[PDB]
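Chemist: part one of the complex, left exactly where it sits:
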Amino acid sequence: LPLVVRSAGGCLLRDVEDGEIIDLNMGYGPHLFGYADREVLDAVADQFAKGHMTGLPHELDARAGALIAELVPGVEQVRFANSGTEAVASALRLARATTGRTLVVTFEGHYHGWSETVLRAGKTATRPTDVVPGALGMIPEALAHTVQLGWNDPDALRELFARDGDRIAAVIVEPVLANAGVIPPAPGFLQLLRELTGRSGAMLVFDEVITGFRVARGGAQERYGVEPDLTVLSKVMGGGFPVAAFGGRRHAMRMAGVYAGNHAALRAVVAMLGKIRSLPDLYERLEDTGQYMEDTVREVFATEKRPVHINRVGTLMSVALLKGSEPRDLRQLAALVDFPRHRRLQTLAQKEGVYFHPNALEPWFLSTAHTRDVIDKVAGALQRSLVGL
C-alpha cells in the first residue's frame, strides 16, 4: 500500500495526501525519542553552521569517544565509521589481523551489513549451516572463510569449537537477534560464546548496531552482563545521523571512509549520548512503554482470538500473526508465522492510521514519543484492522 512521506515528527508520519500515521517502525531503530528531536537536531544544525567536515582532527572527537566509553562498559577506545557495514567490516578485519586467522562465525538470520565476507541470504534462506550469498555479483570465494550456525544451538557451537576453535578469528553475533524477529539469547548462550572464544583465542564481536543504547544504556553487554572483545555501534548512537563505530578495551584495539568521523556526525553522537546520559531513568521509562504496548497488543489479539507471537526486549519488539495451526531461532519462528495474513493486516492497519513493516519478522522500534495515549490509539486501530481480517 503506497505511502510517500511528506514530513515526520514524534511518532507521526504525514504522507503526501496530508494523512497522518502513527509509525511503529520508526526508521528501523535510531529514534529513541521520536522523529524531529530538537535537542539533537539543534546541535547538528549548529555544527553545519560551524563546519561539518574538514577531514581534520576536531575538539568533538575526544568528547564523542569519552561519552561512548562512559556509557558502554566494554568500550575504551573507538574508531568511527560512516555505517554499520563499514564498522563490521573493520572490526572483522581487525580480528583476522589480530589473531592471524581467517574464519568468521555467524548465526543464521543475524545481519551484519552488506560487506563481501558477511552478506548471507537470511530470511531468503536448505539448512542453518549452509552459507548462501546474500547478493548476486559477489565473488565466488566471498564467503569461503565464513561459517554459519543456528542461533541458540549450544551443541553445534561446542562441536564447531572442538573441531575448529584454533582456526576461528571471530564470532560475530547480534546479542539479541533483532533482524529476523526479536529472539533473545537462550539462558547461558552469550556466556558460552564468551567462554569458547576466550578459550580458543577467537575474538567475540557483539554487533550492537540495534541493541546499543536501546535494550539498556550500555546495550546488551550491560543487560546480559557479558562483555565482548569488540562492539559495533550505530543507529541510536547518532540519532539517525549516518554514523557508526566499533571499539573495545585497549588490549583488543592494539592494531577509512572519508565521511567517517565527520564533525556533524560526532556532534550528533555528543548530543544524543549527552541527552541519554542526562536521563538516568530513561530505560525504566522505555521499559514501561514497551510493556504497555506488549500488553495492549496481546489483549487485542487475544480478544479477537487471533494467535500471535510477540517477543520484546525493552522497546525492541516483534509482532507476528500465527497460522491457525518458544522458537529459539529464525527457522522455528518463521515456520509458525502466517506471512500473507500478516501482510494483509499491515495493509489494513495502515488504512487505519498505523504503520508497521508488512514482513512479520521486521521488528517494531518504540520511542518515548509512543505515549500511553498513542498506544491506546494503536490498540483501537489494530482492533479495527483485525476485525477486517
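Modeler: Now that the structure is in, tell me what you want to look at. Numbering: from 1, shown residues only, chains lettered A, B, ... in the order given.
Chemist: Excluding sequence neighbours, find me the nearest residue to residue A:138.
Modeler: residue A:116 (6.0 Å; Cβ to Cβ, 6 or more residues apart in numbering). Using the backbone N, CA and C atoms, a C-beta is placed for each residue, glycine as well.
Chemist: residues touching that neighbour, list them.
Modeler: If you count contacts by Cβ atoms under 8 Å, 6 or more residues apart in numbering, residue A:116 has them with A:138-139, A:142.
Chemist: so residue A:204 sits in a strand?
Modeler: Yes. Residue state for residue A:204 (DSSP: H, G, I helix; E, B strand; the rest coil) corresponds to a strand.
Chemist: and it, how many residues sit next to it?
Modeler: Burial measure for residue A:204: 27 neighbouring residues, criterion other Cβ atoms under 10 Å.
Chemist: In this structure it contacts residue A:170, no?
Modeler: Yes. With contact defined as Cβ atoms under 8 Å, residue A:204 counts as touching residue A:170 (7.2 Å).
Chemist: okay, and the common contacts of these two?
Modeler: With contacts defined as Cβ under 8 Å, 6+ apart, the residues adjacent to both residue A:204 and residue A:170 are A:197, A:230.
Chemist: Now the nearest residue to residue A:5 once chain neighbours are set aside: which helix or strand?
Modeler: For residue A:5, the nearest residue in space outside its immediate sequence neighbours is residue A:13; the separation is 5.5 Å by Cβ to Cβ, 6+ apart. Secondary structure assignment for residue A:13, by DSSP states H and E: strand A:12-15.
Chemist: Show me what that strand is in contact with.
Modeler: Contacts with strand A:12-15, where a contact means Cβ under 8 Å, 6+ apart, come from A:3-8, A:20-23, A:35, A:355.
Chemist: again, only this time at 6 Å
Modeler: By Cβ atoms under 6 Å, 6 or more residues apart in numbering, the residues outside strand A:12-15 that reach it are A:3-7, A:20-21, A:23.
Chemist: Highest neighbour count among those residues?
Modeler: Counting neighbours by other Cβ under 10 Å, the one among the contacts of strand A:12-15 with the most is residue A:23, which has 24 neighbours.
Chemist: following sequence is chain B, place it on the structure:
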Amino acid sequence: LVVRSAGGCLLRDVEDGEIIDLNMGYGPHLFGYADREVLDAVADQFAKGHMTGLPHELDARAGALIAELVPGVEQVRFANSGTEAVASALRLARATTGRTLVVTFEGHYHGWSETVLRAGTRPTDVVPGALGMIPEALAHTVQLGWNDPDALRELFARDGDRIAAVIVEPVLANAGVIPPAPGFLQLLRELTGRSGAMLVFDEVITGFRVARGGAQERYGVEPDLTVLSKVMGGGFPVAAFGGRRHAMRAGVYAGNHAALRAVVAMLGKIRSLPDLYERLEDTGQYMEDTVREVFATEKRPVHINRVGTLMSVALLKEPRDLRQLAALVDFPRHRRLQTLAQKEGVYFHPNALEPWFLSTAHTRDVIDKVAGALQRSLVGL
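Modeler: Once chain B is put in with the chains from before, the structure reads:
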C-alpha cells in the same frame, strides 16, 4: 592542528588561530565551508523528519537533478558512501555480465570494499590495501598502470571475454592529479564496449567538480556506470551510482531524507549557476599562475597539475602515472614546506600527492594571501 570551527576557506584552531585551507576536507565543498544555502536546507529537513526509511517526495527530486546534470545517468541508486556505491556498482556489473574479473589502475582509489582495496614491485602487482582481508579478496581483481594503452590492449586481447568491468578515476585525483592521456578514456570505452565489459567511472571526486556533468562531460566519454559522492551532497554523507536504463536492469542510511535534501539543495544550487565551472576555472588558473610565480621566484622546481579547481602541487628534487610523478618529488622537503606554510596560516596536506580542492571561497584576495604565505614559507626552507 585541531579544528574548532570552519567557514568559507578558513579554519579556526583550538588556539583561535585562523588558517586558509587548501585541502577543504578532500573534495565536497565547492562553495566553501558552512554554505548556508545547503545548511539551511539540511537543518530544515531535521525539523521535518530526517529518516523514516520510507519513500519520500525528495527521492524523485534528487534523482531527477542527477539525471539532468549528468548525461550518462538516467536511473540512480543511493548509498551512504562512495565505498558502498562502488561495491554495488561492481556487484551489478559482475551479475549483469556473468563475469568476475574487475580491472583497476595503480594509484586509483575506490574505497575500502574487499574486492578493490589495493595498497596505494610493478603496476601489475595486486597487493591488499588492508590487513585482515580474506586471502581471495583480490583474486578477481587485476591492475594496470594508469595511462598505459599497450598494457591495456594486451589485457583485453588476452582476457576481454572474462572482464566484468573496468573501474577508473577518469582523472586520477588520489595520487597526484593525473588526467587521462589524450585518447585513453576513448580507448577504454572502445575496449570495454567490444568485449561486453562494463565501464565504470568513479566520479566521487570528479563529479560536479571538473564540469557540471563531471569528467564524462568534460572529456566527452560516457561510461556504463557512474559513481558520485562528495560535491553531490555538499559534505553530507551520501553517494550514488547510476547509468542508462539498459545498464541498470542498501545500507540502512542509504537514501535518508536529510542526505537527499542536501543533494537537492546542492545540485539545485549548481544547476542555477550556468557559468560556475567557468568561474571555478578562473580561480584555478589564478591559483596555478600565482603558485608558479612564487616558486619560480625562489628558484624552487615544482610540479603542478590542474583540472579546474582540482590541483596537485609538489616540490621537486610530464609524468603520466604515479610512479613517474613520485620519482620526481622531494617528499621530505615538501613535508617541511607544509609545516612552514601551516605556521604562516596556510594548510595543505603534507603529502605532496594529496591534491588541493579549491572553492568559490578561494577568491583572488585569498589567493594573494596564500602567495605571501607560500613565499614566506619557501624562504624559510
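Chemist: Revisit the contacts of residue A:116 given that chain B is now included?
Modeler: Applying Cβ atoms under 6 Å, 6 or more residues apart in numbering or on different chains to residue A:116 gives the contacts A:142, B:114.
Chemist: Then residue A:96?
Modeler: A:102, A:169, B:132.
Chemist: Give the buried residues for stretch A:98-116.
Modeler: Residues of stretch A:98-116 classed as buried by neighbour count (16 or more other Cβ atoms under 10 Å in any protein chain shown): A:98-99, A:101-116.
Chemist: Could I get the buried residue list for stretch A:59-66?
Modeler: A:60-61, A:63-65.
Chemist: Bridge partners for residue A:22, pull those for me.
Modeler: On the basis of DSSP bridges, residue A:22 takes part in beta bridges with residue A:12, residue A:354.
Chemist: separation between it and chain B?
Modeler: Using Cβ to the nearest Cβ, to the nearest Å, we find residue A:22 at a distance of 13 Å from chain B.
Chemist: Show me what the longest helix along chain A is packed against.
Modeler: Across chain A, the longest stretch assigned as helix under DSSP state H is helix A:282-303. Secondary structure elements in contact with helix A:282-303, counted by 3 or more Cβ pairs under 6 Å, 6 or more residues apart in numbering or on different chains; DSSP states H and E, are strand A:308-313, helix A:372-387.
Chemist: can I get those in CSV with mean neighbour count?
Modeler: Compiled in CSV, the helices and strands packed on helix A:282-303 are given as follows (neighbours: other Cβ atoms under 10 Å in any protein chain shown):
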stretch, mean neighbour count
strand A:308-313, 19
helix A:372-387, 17
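Chemist: Following the record's annotation, map out the domains of chain A.
Modeler: Here the domain assignment for chain A is A:1-36+A:280-389, A:37-279, based on curated CATH domains.
Chemist: Apart from its chain neighbours, what residue comes closest to the residue nearest in space to the middle of chain A?
Modeler: Geometric centre of chain A, nearest residue: residue A:210, 2.1 Å, by Cα atoms, centre = their mean. Nearest-residue entry for residue A:210: residue A:178, 4.3 Å, with adjacent residues in sequence omitted and distances by Cβ to Cβ, 6 or more residues apart in numbering or on different chains.
Chemist: Was I right to think the one you found contacts residue A:212?
Modeler: No. Using Cβ atoms under 6 Å, residue A:178 is not in contact with residue A:212; the gap is 10.8 Å.
Chemist: Thank you kindly, that will do.
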